[PDB]
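The chain below stands alone and is given as C-alpha cells, in the form deposited in one PDB entry.
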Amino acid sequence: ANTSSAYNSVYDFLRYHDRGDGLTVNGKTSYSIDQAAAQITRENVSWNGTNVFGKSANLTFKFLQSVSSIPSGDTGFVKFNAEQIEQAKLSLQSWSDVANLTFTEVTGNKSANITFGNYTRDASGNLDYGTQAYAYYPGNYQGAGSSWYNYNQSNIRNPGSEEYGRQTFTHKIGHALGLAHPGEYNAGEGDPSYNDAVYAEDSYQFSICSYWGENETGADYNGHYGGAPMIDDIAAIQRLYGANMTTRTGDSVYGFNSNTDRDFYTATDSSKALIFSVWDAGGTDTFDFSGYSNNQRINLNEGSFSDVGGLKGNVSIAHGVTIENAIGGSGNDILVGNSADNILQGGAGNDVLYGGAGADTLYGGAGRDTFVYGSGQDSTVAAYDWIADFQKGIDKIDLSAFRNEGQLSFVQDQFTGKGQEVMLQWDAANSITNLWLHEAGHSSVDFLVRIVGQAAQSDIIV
C-alpha cells in the first residue's frame, strides 16, 4: 500500500506522542495517562485522608497576613501582594474547573486547608535569592497544605507578567491538594536530570508538577510556561477528587474568540502562546486557532496533542473529553477529527482535513485543500460526510488509503459489481456531487461523500 503523502501525514500525526502499551520513548518506559496519574498520586493522600479516591472536597484557602513561624524554618515572611492574590485565585480555579473541588477564602484567625505566604531569608537569617517555592501535602500536621514562595524572585512577585510565577503557583497548589512530582526527587538534593525520570512522559508537556522541561519529550513552548494543569495532572487530580462535570457544559470556544473567561484558553491576538490541556464537560465545542499564520496540526481525539500557533505539543485534550470542531489559520494545516460529527475549517492555506468516523462537515477554505478518507467507515451512507466548499480543479479528495485492498478505479455512470470502484454523480437540481465508493467485500454501495459543488474525476486521488 503506497499511500499519499497527505494520508501519511494524517496517519503519522494520529500517532504523535503515542504512549503506554509497552512502548519505550527516549529509552525510557512509556506510561499511559492512567499510569502517570497513579504515579503522580503515589502518596495516596488527599484532603479526604489516605487511600481515599473519587471523593469530592470543599476546601478553604487563606492569604496569611502574618505568621508565628514558617514550617520549613525559612524566615522573612512577607504576605501576598495584590497580583499574587489574583493569580493564585486563577490557579485555584484551574484546579476546581477539572476536579470536584470548591475553594472558599477565609480570613482573620480562621484555619484553612491551603495557605499562601512568601519568605525572603533562610533560618540563619541570611537573604535567600536562590530558591523558588515549596508546599506541604494534605494531612493533619502543622503546615499541612501550606505553600510558600520566595519574594526575592521577581517571577513570584509578578506572576501575572512572569509566566513561571503563575506556573509555580499552580504546581505548588497541586502538592497542597495531594499531587506529587512524577519522579522521586526534590529541589535541593544533588543534581538530578530527566535521565533520572522513571517514565518518559515526566515533563512539563504532561504534568505541571514535573521537574523537566517540555523539550525533554519533544515539545517546544518557545520559552513560555503553561500556567494550568496538563493532561496527566487532570487525570491525577480527578483520581483523588472526581471529575467536575459541571464545567463548560455549553458550546465552548477555545483559542481565538473564546468564551471561556480563562486566560490560559484565550488568545486575543496572534502573538499569544497557548499551552493548555482542555477539560470540558458537555456541549458542542470548538478549537478556534484561526488567528495564527503558522502551519498547525490540530487533533480532536481525546488524549491527543496538537501543535498550535508555532509551538509544538502545546495543546492537548484530557481523557474523558469530546471536542467537536476545529478552525485552522492561514498556514498549511492538518486537522484530524474524531469519531464524533466534526466541523472542520482549514482556513486559508493548503490544508489537509480528515474527518474520521462520524458525519463530518468539511470546509477546506481558501487554498488547495485535501480531504482525506482512511476507511469505508469514515463516510458510510447512514452517516455521510459533506464537503461544503469544494473547488473543482483546486481541491482534492484523497482515497489512496483504499489501495491496501486494491487500487480503486473510476467508473462513469455504473458499477460493474467487481468492487473497488469510485463514481461521481451530478445532481443538477441541487448542485451536489455524490461521490460513491463501492468497496471490496461490500455487497452494497456503502460509502458516500456529498459535495456542495462540482468535482472532476481528476480531483479524486485514487
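Position 1 is the first residue in the sequence shown; the rest follow in order.
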Tell me which of 287-295 and 135-143 has the higher mean C-alpha B-factor in the deposited entry.
135-143
Do the CA atoms of 22-30 or those of 423-431 have the higher mean B-factor in the entry?
22-30
For the CA B factor values reported in this entry, which option in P182, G76, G358, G320 has the top one?
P182
Can you tell me which of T246, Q93, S277, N195 has the highest Cα temperature factor in the record?
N195
The third of the chain into which the C-alpha temperature factor of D128 falls is the lowest
Among the chain's modelled residues, which third holds the C-alpha B-factor of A440?
highest
Select lowest, middle or highest to describe the third in which the CA B-factor of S271 falls within its chain in this entry.
highest
Quick check on the deposited entry: does the C-alpha B-factor of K110 sit in the lowest, middle or highest third of its chain?
highest
Would you please rank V52 by its C-alpha temperature factor against the other modelled residues of its chain and give the third it falls in: lowest, middle or highest?
highest
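One more form of this protein, deposited with a partner chain bound, exists but is not displayed; see below.
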Which of 135-143, 80-88, 362-370, 191-199 has heavy atoms within 4.5 Å of the partner chain in the deposited complex?
135-143
Looking at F264, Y211, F103, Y221, which is the one with a non-hydrogen atom within 4.5 Å of the partner chain in the deposited complex?
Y211
Go through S72, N152, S258, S330 and name the one with a heavy atom inside 4.5 Å of the partner chain in the deposited complex.
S72
Report whether the minimum heavy atom distance between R121 and the partner chain in the deposited complex is within 4.5 Å.
no
Within 4.5 Å, heavy atoms only: does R157 come near the partner chain in the deposited complex?
no
Proximity of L127 to the partner chain in the deposited complex, heavy atoms at 4.5 Å
no
Heavy atoms within 4.5 Å of the partner chain in the deposited complex: does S293 have any?
no
